[PDB]
Structures are given as C-alpha cells and as structure tokens.
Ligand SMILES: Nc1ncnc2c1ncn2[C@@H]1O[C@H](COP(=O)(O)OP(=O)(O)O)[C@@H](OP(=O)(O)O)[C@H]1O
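This document opens with one chain alone, in structure tokens, the form deposited without the named molecule.
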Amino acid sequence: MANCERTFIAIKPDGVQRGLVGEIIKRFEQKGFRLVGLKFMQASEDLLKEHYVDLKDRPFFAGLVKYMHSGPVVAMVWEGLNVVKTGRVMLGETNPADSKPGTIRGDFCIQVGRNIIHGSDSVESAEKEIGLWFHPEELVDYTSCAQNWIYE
C-alpha cells in the first residue's frame, strides 16, 4: 500500500545536543505523517560501521563513525504516502548551505559535518535502515483519528 510507505529518520548527536528533538517531531506530526518507531539511544560502533558500510574504505570513515558514537541519537520510523521522498524534502539538502528556509536543515543548522539529521534516500535504503536500527516488535501499528481527512 502506497499510503503505508515507511522511512527511517535519525536525529544526530548535534540535533539532540542543540535541543531540536521536539521541533523535528512537530514538523512530521503537523504534516500528517504517522509515528511508528521512536528510540533514544547511543549507537554502537558495530551498528554505525554497518550503517555506513558503503563508505568503509573512504578516508573519512573513522572520523564519521567516531562522531556518530560521541553522543546519543533519536532513531525514528515515520509512515505515509511518499514519506521517503517528502521526508527528504522536509529535511532539505544534505549540505545545510544548499538547504532552503522552511526546511529542518535550512532553519536549524549551518555546516554539513554538523547537519543534525538523516533520512532514508530511497525505499530500498529505508527497508535496510529500519531493519538495522529497529526490531520488528519495536514498530507500533495504529490508525490515526484523522486518517480519513489526511487520505482519500
């Protein structure tokens, strides 16, 4: 089902440190997307190495894993029609310098090395990231009281 598409959203250590957890969740709630998974955690080096597995031979890999391990993250799963693509639009460009005002990165951060947030770039990546960060039983299913007013 197209309306039941899901994406992985992670608030990075700098997003948590700068007090942006509430603001970010509010953006997704007000949009009409439904929360399915939410977790406050410190990501282990093993998990981060698997998450950034495509970049393991790149020279910035050690510093990237170290930084994402240096503070707690907020791992999330959101559900909705085209939530992967729309979620990325809501976040803005990965490089905050190119992010537009009104987007999460556009409003709240400056440098790409400290870009507060991550979102799945595709449905394929979403399935991989959700399975890696979340256990199946940590994902909650329910129907929003506003479902009929959000979707036809």
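So that the term is clear: the rigid core is the largest set of C-alpha atoms that superpose within 1.5 Å between two forms. One rule holds for the numbers: they count along the sequence shown, beginning at 1.
Stretch comparison (108 to 116 versus 63 to 71) by mean CA B-factor in the PDB entry places 63 to 71 on top. Here the stretch with the larger average CA B-factor, out of 9 to 17 and 134 to 142, is 134 to 142. Comparing the C-alpha B-factors of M90, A43, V83, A97 in the entry, the top value falls on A43. For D121, the recorded CA temperature factor ranks within the middle third of the chain's modelled residues.
Although it is not shown, the form deposited with the named molecule bound is what the next lines describe.
Placing the named molecule onto this chain by superimposing the site C-alphas, using its pose in the deposited bound form, gives no ligand atom within 2.4 angstroms of backbone or C-beta atoms, which makes the site open. Proximity of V83 to the named molecule in the deposited bound form falls outside the 4.5 Å heavy atom cutoff. Although the partner is absent here, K26 lies well away from the named molecule in the deposited bound form, with no heavy atom inside 4.5 Å. Not displayed here, the named molecule is approached by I117 to within 4.5 Å at the level of heavy atoms in the deposited bound form. Taking non-hydrogen atoms only, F40 never approaches the named molecule to within 4.5 angstroms in the deposited bound form. Screening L47, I110, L64, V89 for any heavy atom within 4.5 Å of the named molecule in the deposited bound form leaves a single hit, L64. A single residue from the set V123, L55, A97, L35 has any heavy atom within 4.5 angstroms of the named molecule in the deposited bound form; that residue is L55. Shift analysis on the rigid core between this form and the one not shown singles out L55 from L35, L55, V123, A97 (C-alpha displacement of 2 Å or more).
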